[PDB]
file data.cif (mmCIF, N, CA and C atoms)
data_model
loop_
_atom_site.label_atom_id
_atom_site.label_comp_id
_atom_site.auth_asym_id
_atom_site.auth_seq_id
_atom_site.Cartn_x
_atom_site.Cartn_y
_atom_site.Cartn_z
N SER W 2 41.70 28.02 0.88
CA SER W 2 42.73 28.71 0.12
C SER W 2 43.40 29.74 1.00
N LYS W 3 44.56 30.23 0.57
CA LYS W 3 45.14 31.43 1.15
C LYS W 3 44.90 32.61 0.22
N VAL W 4 44.65 33.77 0.81
CA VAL W 4 44.50 35.01 0.07
C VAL W 4 45.37 36.06 0.72
N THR W 5 45.71 37.10 -0.04
CA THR W 5 46.58 38.15 0.46
C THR W 5 45.73 39.31 0.93
N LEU W 6 45.90 39.70 2.19
CA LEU W 6 45.21 40.85 2.76
C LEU W 6 46.25 41.72 3.45
N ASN W 7 46.34 42.99 3.03
CA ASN W 7 47.28 43.93 3.64
C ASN W 7 48.68 43.33 3.71
N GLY W 8 49.10 42.69 2.62
CA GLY W 8 50.45 42.19 2.51
C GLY W 8 50.73 40.87 3.20
N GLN W 9 49.73 40.20 3.76
CA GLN W 9 49.94 38.93 4.45
C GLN W 9 49.03 37.85 3.90
N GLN W 10 49.56 36.63 3.77
CA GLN W 10 48.77 35.50 3.32
C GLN W 10 47.99 34.94 4.50
N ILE W 11 46.66 34.90 4.38
CA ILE W 11 45.77 34.44 5.43
C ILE W 11 44.79 33.41 4.88
N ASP W 12 44.23 32.60 5.78
CA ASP W 12 43.23 31.62 5.38
C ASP W 12 41.94 32.33 4.95
N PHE W 13 41.42 31.97 3.77
CA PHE W 13 40.22 32.62 3.26
C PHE W 13 39.00 32.33 4.13
N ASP W 14 38.83 31.09 4.58
CA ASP W 14 37.66 30.77 5.40
C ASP W 14 37.63 31.60 6.68
N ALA W 15 38.80 31.85 7.27
CA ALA W 15 38.88 32.70 8.46
C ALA W 15 38.46 34.13 8.14
N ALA W 16 38.96 34.66 7.01
CA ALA W 16 38.56 36.00 6.58
C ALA W 16 37.06 36.08 6.39
N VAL W 17 36.48 35.09 5.71
CA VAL W 17 35.04 35.06 5.47
C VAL W 17 34.29 35.06 6.79
N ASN W 18 34.80 34.33 7.78
CA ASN W 18 34.14 34.30 9.08
C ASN W 18 34.15 35.65 9.77
N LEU W 19 35.07 36.55 9.40
CA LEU W 19 35.09 37.90 9.96
C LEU W 19 34.33 38.93 9.11
N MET W 20 33.81 38.56 7.94
CA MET W 20 33.16 39.52 7.05
C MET W 20 31.74 39.84 7.52
N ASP W 21 31.34 41.09 7.30
CA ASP W 21 29.95 41.48 7.52
C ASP W 21 29.01 40.57 6.72
N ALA W 22 27.96 40.06 7.39
CA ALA W 22 27.12 39.05 6.76
C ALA W 22 26.35 39.61 5.57
N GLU W 23 25.77 40.79 5.72
CA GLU W 23 25.00 41.37 4.63
C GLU W 23 25.87 41.61 3.40
N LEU W 24 27.06 42.19 3.59
CA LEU W 24 27.95 42.42 2.45
C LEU W 24 28.41 41.10 1.84
N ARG W 25 28.80 40.13 2.66
CA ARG W 25 29.26 38.87 2.10
C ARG W 25 28.20 38.25 1.20
N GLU W 26 26.94 38.23 1.66
CA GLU W 26 25.91 37.64 0.82
C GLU W 26 25.59 38.49 -0.40
N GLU W 27 25.66 39.82 -0.28
CA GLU W 27 25.45 40.68 -1.46
C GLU W 27 26.47 40.35 -2.54
N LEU W 28 27.74 40.27 -2.16
CA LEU W 28 28.78 39.97 -3.15
C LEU W 28 28.59 38.58 -3.73
N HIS W 29 28.26 37.59 -2.89
CA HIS W 29 28.04 36.24 -3.40
C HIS W 29 26.88 36.19 -4.38
N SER W 30 25.81 36.95 -4.12
CA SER W 30 24.63 36.89 -4.98
C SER W 30 24.80 37.70 -6.26
N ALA W 31 25.73 38.65 -6.28
CA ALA W 31 25.76 39.62 -7.37
C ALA W 31 26.41 39.08 -8.64
N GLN W 32 27.35 38.14 -8.53
CA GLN W 32 28.14 37.75 -9.69
C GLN W 32 28.91 36.48 -9.38
N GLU W 33 29.50 35.92 -10.43
CA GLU W 33 30.47 34.85 -10.33
C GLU W 33 31.82 35.45 -9.97
N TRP W 34 32.63 34.67 -9.27
CA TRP W 34 33.95 35.12 -8.84
C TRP W 34 35.01 34.21 -9.44
N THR W 35 36.01 34.81 -10.07
CA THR W 35 37.09 34.02 -10.68
C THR W 35 37.82 33.20 -9.62
N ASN W 36 38.10 33.80 -8.47
CA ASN W 36 38.82 33.10 -7.40
C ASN W 36 38.55 33.85 -6.10
N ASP W 37 39.03 33.27 -4.99
CA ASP W 37 38.75 33.84 -3.67
C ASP W 37 39.47 35.17 -3.46
N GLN W 38 40.58 35.41 -4.17
CA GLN W 38 41.27 36.69 -4.02
C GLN W 38 40.43 37.83 -4.58
N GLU W 39 39.82 37.62 -5.74
CA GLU W 39 38.94 38.64 -6.31
C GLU W 39 37.79 38.95 -5.36
N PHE W 40 37.21 37.90 -4.76
CA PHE W 40 36.15 38.09 -3.77
C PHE W 40 36.62 38.94 -2.60
N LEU W 41 37.78 38.57 -2.02
CA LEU W 41 38.30 39.32 -0.88
C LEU W 41 38.54 40.78 -1.23
N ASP W 42 39.16 41.03 -2.39
CA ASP W 42 39.50 42.41 -2.75
C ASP W 42 38.23 43.26 -2.94
N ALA W 43 37.20 42.66 -3.53
CA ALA W 43 35.93 43.38 -3.64
C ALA W 43 35.31 43.60 -2.26
N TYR W 44 35.41 42.60 -1.37
CA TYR W 44 34.89 42.77 -0.02
C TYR W 44 35.57 43.94 0.69
N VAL W 45 36.89 44.04 0.59
CA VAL W 45 37.60 45.13 1.26
C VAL W 45 37.07 46.48 0.80
N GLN W 46 36.85 46.64 -0.52
CA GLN W 46 36.28 47.90 -1.03
C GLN W 46 34.87 48.15 -0.49
N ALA W 47 34.03 47.11 -0.50
CA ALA W 47 32.65 47.26 -0.04
C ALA W 47 32.58 47.57 1.45
N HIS W 48 33.48 46.98 2.23
CA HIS W 48 33.53 47.20 3.67
C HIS W 48 33.91 48.64 3.97
N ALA W 49 34.91 49.17 3.27
CA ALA W 49 35.23 50.58 3.42
C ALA W 49 34.04 51.46 3.07
N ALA W 50 33.29 51.12 2.01
CA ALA W 50 32.14 51.95 1.64
C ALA W 50 31.02 51.87 2.67
N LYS W 51 30.82 50.71 3.30
CA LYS W 51 29.71 50.55 4.23
C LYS W 51 30.01 51.18 5.59
N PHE W 52 31.25 51.10 6.04
CA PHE W 52 31.64 51.45 7.40
C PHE W 52 32.50 52.70 7.45
N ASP W 53 32.18 53.67 6.59
CA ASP W 53 32.79 55.00 6.61
C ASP W 53 34.31 54.95 6.54
N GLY W 54 34.82 54.11 5.63
CA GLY W 54 36.24 54.06 5.32
C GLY W 54 37.05 53.07 6.13
N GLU W 55 36.41 52.31 7.01
CA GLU W 55 37.14 51.37 7.85
C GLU W 55 37.88 50.33 7.01
N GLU W 56 39.12 50.06 7.38
CA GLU W 56 39.97 49.09 6.71
C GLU W 56 39.71 47.72 7.30
N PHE W 57 39.19 46.81 6.48
CA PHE W 57 39.01 45.43 6.93
C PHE W 57 40.36 44.81 7.24
N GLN W 58 40.49 44.24 8.44
CA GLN W 58 41.70 43.56 8.90
C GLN W 58 41.30 42.26 9.60
N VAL W 59 42.22 41.30 9.66
CA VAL W 59 41.92 39.97 10.17
C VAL W 59 42.65 39.66 11.48
N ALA W 60 43.97 39.81 11.49
CA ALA W 60 44.77 39.60 12.70
C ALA W 60 44.46 38.29 13.43
#
call {"tool": "encode", "arguments": {"input": "data.cif", "output": "structure tokens"}}
result
Amino acid sequence: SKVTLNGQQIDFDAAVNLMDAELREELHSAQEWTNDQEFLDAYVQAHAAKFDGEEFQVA
């Protein structure tokens, strides 16, 4: 799928490949996800919380 990150449409699988492994599995285990965009948006929030405010980016 494509998801929107920081105003740009990017491949979700590529984004997932850049996600912190512990956070990605925590989010996957915690709940059902309506779609990949909801997953990404929650990941961005969790990444900022884990890494002292760092903005997840893909580039």
call {"tool": "select_by_dssp", "arguments": {"input": "data.cif", "residues": "chain W", "states": "helix (DSSP H, G or I)", "output": "compact mmCIF listing (two decimals) with N, CA and C atoms, in the coordinates of the input"}}
result
# COMPACT_ATOMS: atom_id res chain seq x y z
N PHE W 13 41.42 31.97 3.77
CA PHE W 13 40.22 32.62 3.26
C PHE W 13 39.00 32.33 4.13
N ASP W 14 38.83 31.09 4.58
CA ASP W 14 37.66 30.77 5.40
C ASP W 14 37.63 31.60 6.68
N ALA W 15 38.80 31.85 7.27
CA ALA W 15 38.88 32.70 8.46
C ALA W 15 38.46 34.13 8.14
N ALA W 16 38.96 34.66 7.01
CA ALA W 16 38.56 36.00 6.58
C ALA W 16 37.06 36.08 6.39
N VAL W 17 36.48 35.09 5.71
CA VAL W 17 35.04 35.06 5.47
C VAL W 17 34.29 35.06 6.79
N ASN W 18 34.80 34.33 7.78
CA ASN W 18 34.14 34.30 9.08
C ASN W 18 34.15 35.65 9.77
N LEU W 19 35.07 36.55 9.40
CA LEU W 19 35.09 37.90 9.96
C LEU W 19 34.33 38.93 9.11
N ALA W 22 27.96 40.06 7.39
CA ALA W 22 27.12 39.05 6.76
C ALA W 22 26.35 39.61 5.57
N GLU W 23 25.77 40.79 5.72
CA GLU W 23 25.00 41.37 4.63
C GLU W 23 25.87 41.61 3.40
N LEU W 24 27.06 42.19 3.59
CA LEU W 24 27.95 42.42 2.45
C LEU W 24 28.41 41.10 1.84
N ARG W 25 28.80 40.13 2.66
CA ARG W 25 29.26 38.87 2.10
C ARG W 25 28.20 38.25 1.20
N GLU W 26 26.94 38.23 1.66
CA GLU W 26 25.91 37.64 0.82
C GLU W 26 25.59 38.49 -0.40
N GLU W 27 25.66 39.82 -0.28
CA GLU W 27 25.45 40.68 -1.46
C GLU W 27 26.47 40.35 -2.54
N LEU W 28 27.74 40.27 -2.16
CA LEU W 28 28.78 39.97 -3.15
C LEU W 28 28.59 38.58 -3.73
N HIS W 29 28.26 37.59 -2.89
CA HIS W 29 28.04 36.24 -3.40
C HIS W 29 26.88 36.19 -4.38
N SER W 30 25.81 36.95 -4.12
CA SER W 30 24.63 36.89 -4.98
C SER W 30 24.80 37.70 -6.26
N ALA W 31 25.73 38.65 -6.28
CA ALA W 31 25.76 39.62 -7.37
C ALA W 31 26.41 39.08 -8.64
N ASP W 37 39.03 33.27 -4.99
CA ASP W 37 38.75 33.84 -3.67
C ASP W 37 39.47 35.17 -3.46
N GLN W 38 40.58 35.41 -4.17
CA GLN W 38 41.27 36.69 -4.02
C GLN W 38 40.43 37.83 -4.58
N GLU W 39 39.82 37.62 -5.74
CA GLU W 39 38.94 38.64 -6.31
C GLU W 39 37.79 38.95 -5.36
N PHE W 40 37.21 37.90 -4.76
CA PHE W 40 36.15 38.09 -3.77
C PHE W 40 36.62 38.94 -2.60
N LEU W 41 37.78 38.57 -2.02
CA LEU W 41 38.30 39.32 -0.88
C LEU W 41 38.54 40.78 -1.23
N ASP W 42 39.16 41.03 -2.39
CA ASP W 42 39.50 42.41 -2.75
C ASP W 42 38.23 43.26 -2.94
N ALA W 43 37.20 42.66 -3.53
CA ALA W 43 35.93 43.38 -3.64
C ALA W 43 35.31 43.60 -2.26
N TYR W 44 35.41 42.60 -1.37
CA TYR W 44 34.89 42.77 -0.02
C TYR W 44 35.57 43.94 0.69
N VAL W 45 36.89 44.04 0.59
CA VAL W 45 37.60 45.13 1.26
C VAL W 45 37.07 46.48 0.80
N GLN W 46 36.85 46.64 -0.52
CA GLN W 46 36.28 47.90 -1.03
C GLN W 46 34.87 48.15 -0.49
N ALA W 47 34.03 47.11 -0.50
CA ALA W 47 32.65 47.26 -0.04
C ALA W 47 32.58 47.57 1.45
N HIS W 48 33.48 46.98 2.23
CA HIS W 48 33.53 47.20 3.67
C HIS W 48 33.91 48.64 3.97
N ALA W 49 34.91 49.17 3.27
CA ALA W 49 35.23 50.58 3.42
C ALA W 49 34.04 51.46 3.07
N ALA W 50 33.29 51.12 2.01
CA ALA W 50 32.14 51.95 1.64
C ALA W 50 31.02 51.87 2.67
N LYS W 51 30.82 50.71 3.30
CA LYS W 51 29.71 50.55 4.23
C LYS W 51 30.01 51.18 5.59
call {"tool": "resolve_selection", "arguments": {"input": "data.cif", "expression": "the PyMOL selection byres (((chain W and resi 9-21 and name CA) around 9) and name CA)", "output": "list in words"}}
result
residues 2, 3, 4, 5, 6, 7, 8, 22, 23, 24, 25, 26, 37, 38, 41, 44, 48, 57, 58, 59 and 60 of chain W
call {"tool": "axis_aligned_box", "arguments": {"input": "data.cif", "around": "segment 17-23 of chain W", "padding_each_side": "4 Å", "output": "JSON"}}
result
{"center_x": 30.7, "center_y": 38.0, "center_z": 6.7, "size_x": 19.5, "size_y": 15.3, "size_z": 14.6}
call {"tool": "select_by_dssp", "arguments": {"input": "data.cif", "residues": "chain W", "states": "strand (DSSP E)", "output": "PyMOL selection string"}}
result
chain W and resi 3-6+9-12
call {"tool": "atom_distance", "arguments": {"input": "data.cif", "atom1": "atom CA of residue 49 of chain W", "atom2": "atom CA of residue 31 of chain W"}}
result
18.1 Å
call {"tool": "atom_distance", "arguments": {"input": "data.cif", "atom1": "atom CA of residue 34 of chain W", "atom2": "atom CA of residue 52 of chain W"}}
result
23.1 Å
call {"tool": "atom_distance", "arguments": {"input": "data.cif", "atom1": "atom N of residue 40 of chain W", "atom2": "atom C of residue 28 of chain W"}}
result
8.7 Å
